[PDB]
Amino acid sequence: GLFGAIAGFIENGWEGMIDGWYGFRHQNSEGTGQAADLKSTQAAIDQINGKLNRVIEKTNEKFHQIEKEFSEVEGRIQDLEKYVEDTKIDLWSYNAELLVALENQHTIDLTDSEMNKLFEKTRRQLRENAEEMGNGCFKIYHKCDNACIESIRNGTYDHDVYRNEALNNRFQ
């Protein structure tokens, strides 16, 4: 019954994250909290919407074409007509199949990428004041209350102010 312990994105999702796609969970002196990251969440959503608005846009308007069903057997000309339509349909079916496979592969990759990019940026902020636990979580080597955590999340964290306290905890 391991409860209360938090873990990051490494082979792990969060069903409790409802106000964002990506975000933070923390354990500090003041307990346990969670907050969504709007920027990374927005970045992914925008990319999804870009792809969607490219595919769902611009219908082809067609009018008089060729007949495609036939009540009589005729031979050569009808053979050619059916073959033309069947050729066309197989080619568009192929394009449709390939399109969604490529788009979905890219969707999964861009969303993984956003997660990783948020992780790298957070690490960049932390400098020498934190270590990577290897589970998508950082061990902050200093007192970091809710305001300290928030400064990391809102990108104004000042690593110098904690640096000396952190090195002593890390090394000594």
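Numbers follow the displayed sequence, beginning with 1.
Checked against the record, the higher mean CA B factor of 154-162 and 16-24 lies with 154-162. Comparing 62-70 with 132-140, the higher mean C-alpha B-factor in the PDB entry belongs to 132-140.
Comparing the listed residues 52, 36, 108, 115, the entry records the largest Cα B-factor for 52. Ranked against the other modelled residues of its chain, the C-alpha B-factor of residue 148 as given in the entry falls in the highest third.
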